[PDB]
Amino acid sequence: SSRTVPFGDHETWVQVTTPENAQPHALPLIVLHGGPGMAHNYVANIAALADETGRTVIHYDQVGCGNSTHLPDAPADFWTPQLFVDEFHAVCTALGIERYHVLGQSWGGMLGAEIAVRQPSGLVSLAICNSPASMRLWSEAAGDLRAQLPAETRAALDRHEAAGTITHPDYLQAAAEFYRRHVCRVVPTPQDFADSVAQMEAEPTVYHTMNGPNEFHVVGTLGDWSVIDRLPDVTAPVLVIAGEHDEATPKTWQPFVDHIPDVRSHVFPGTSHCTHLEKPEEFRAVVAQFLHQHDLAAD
């Protein structure tokens, strides 16, 4: 079931998946999508956790994308981590959720960290899935992964970027290969992922503004982003998930494991950025162990 909830003057669309056999003290899980502006669709399958673990799972579309209010006329400086933090708490309040687990994927994990560093009273645990701790590290990682590509594929990327011919078929092929190795290794791209991308391309305000149109580097308003100096303030337990071949390489998420006081990590072999799509059952099994551990602690 689904509805909109108020966030200021806007409407945030939420979806609630209830478990078939609700377990005692299994606290609700709020799933944060990435992009930004990608909508919930690509992380829809994480709702399987409701039946698998006996808890309620909540998805929503962050304001400005998907099924929520579109604001193409907002000034560019409207779109900030603080806005989405405020929205998050507005969703929890309207649904009457006091104590909760958060799982965020890509930008969703960045947003998860922004939520956590602020020490909200209701946060029981956070799962950061496939996320960098700074854009600086994210960019360094892109260069490292390009250095690891076959020489032919790297040459096409380097050569066409240098010339500006970034719609040449060689570049398009080489960029798609990078995507298939490091973003989503399932071919064809899962329809849930395609659906996120389609809605974003139809109305790309949030994604274009915050991430930007550049294939490999963030040139949008997130270009300078970092949460590293606030990570010592996280009081919630944190699980850091990444893929073996993730564009979120180990150096990108190292600050989370180095600076968050209560933290552990899990790296999935044979997966990349969209682990939840590439090995859905394995991904959810690891998440389920973490959620359960902290259900018990909260109780």
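One rule holds for the numbers: they count along the sequence shown, beginning at 1.
If you average the C-alpha B-factors over 99-107 and over 206-214, the higher value belongs to 206-214. When the C-alpha B-factors of 22-30 and 242-250 are averaged, 22-30 comes out higher. When the C-alpha B factors of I128, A162, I228, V183 are read from the deposited coordinates, the top value falls at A162.
You'll see in the entry that, of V124, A94, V197, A175, the Cα B factor peaks at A94. Ranked by C-alpha B-factor against the other modelled residues of its chain, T271 falls in the middle third. In this PDB entry, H40 carries a Cα temperature factor that places it within the lowest third of its chain's modelled residues. Ranked by C-alpha B-factor against the other modelled residues of its chain, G64 falls in the lowest third. When the modelled residues of the chain are ordered by their C-alpha B factor, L277 lands in the middle third. Among the modelled residues of the chain, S134 sits in the lowest third by CA temperature factor in this PDB entry.
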